[PDB]
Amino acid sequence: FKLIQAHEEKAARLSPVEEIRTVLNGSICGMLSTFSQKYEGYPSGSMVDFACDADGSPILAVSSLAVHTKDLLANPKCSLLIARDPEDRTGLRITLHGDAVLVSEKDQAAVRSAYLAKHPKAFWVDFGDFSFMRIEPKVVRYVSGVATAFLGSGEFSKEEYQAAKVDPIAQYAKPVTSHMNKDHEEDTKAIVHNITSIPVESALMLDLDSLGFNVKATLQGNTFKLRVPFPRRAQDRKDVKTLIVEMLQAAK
C-alpha cells in the first residue's frame, strides 16, 4: 500500500525522455490520426504499421489506395498513438505529433531497411502502390497510470526527443522475459520479494532496459506493477543474465 509507493519513487529507471524514446523505437504499430480529406472538419483514425528511423521518426509504408494516405497528402499534420501494453489501461501511452513527409530517393535505402527490420515479411513495400513516408516530429507527449496513484504526464520537443538515445538493452526484452516468465518465474518472485519486501504470488516480467525491469505482480486480489532495478547498469545480453543470477543468489 505505502511500501509500493515508496519503492517506485526511488527505484532506478530511465529518464522520462529516454523511456519514451526507447518505447517508441520498440513499437511497430499504432493509431494514426489525420484530418479527414473526405469528411471536412473531422479527424480520422486508422491502424498503421511503422518503424522509427535512427532519429526516432516514424516511417510509414502507405498504399496510394488507403484513406489515410489521401488524408496525409491533403494535410500532412498528423499524430501517432502508441500503447506500450495495448491491453493495460494503466500503461504508458505516447502521442507523437508531426508532419508526414515523402521520403526522398537518396533516403529510400536506409528507410526501407529500418522498416523491414521491424516488419521483416513486409515485401509489399517494393510495390508501386506503396510509398515510404516519415512523420517528422513536432512534439512528443505521454501519459502513464491513468486510473492509478502513479499518474504521470509530460511532453518533449523535437530536439529533446531526437537527442535521447534508445536504451541498448531494451532490444533483448523479448528473449529475457520469455525465458524468465516461462521457466523461472519462481526466481522473479524471490528477487522482487527480496528488493521490495512484498511476498508476491506471481511476478511477470513486462519489459527490460539497462537499469532493470518492471514486473506485473499480484498480492491478494490487487494487481500492480513494480520496478526491479539492477544493482548496476547492464552492459550486454549476457550481462543481463549475470545480473539476474546475482540478484537471485542474493536472495536464494
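From 1 onward, residues are counted along the sequence shown.
Between the stretches 204 to 212 and 26 to 34, it is 204 to 212 that shows the larger average CA temperature factor. Averaged over their C-alpha atoms, the temperature factors of 214 to 222 and 40 to 48 are higher for 214 to 222. In this structure the maximum Cα B-factor among 66, 54, 59, 192 is found at 192.
Across the residues 71, 155, 136, 88, the deposited record lists the maximum Cα B factor for 88. Per the deposited record, the Cα B-factor of residue 168 falls in the middle third when ranked against the other modelled residues of its chain. Ranked by Cα temperature factor within the chain, residue 144 sits in the middle third according to the deposited record. In the deposited entry, the Cα temperature factor of residue 239 places it in the middle third of its chain's modelled residues.
In the PDB entry, residue 121 places in the middle third of its chain by CA B-factor. In the PDB entry, residue 150 places in the highest third of its chain by CA B-factor.
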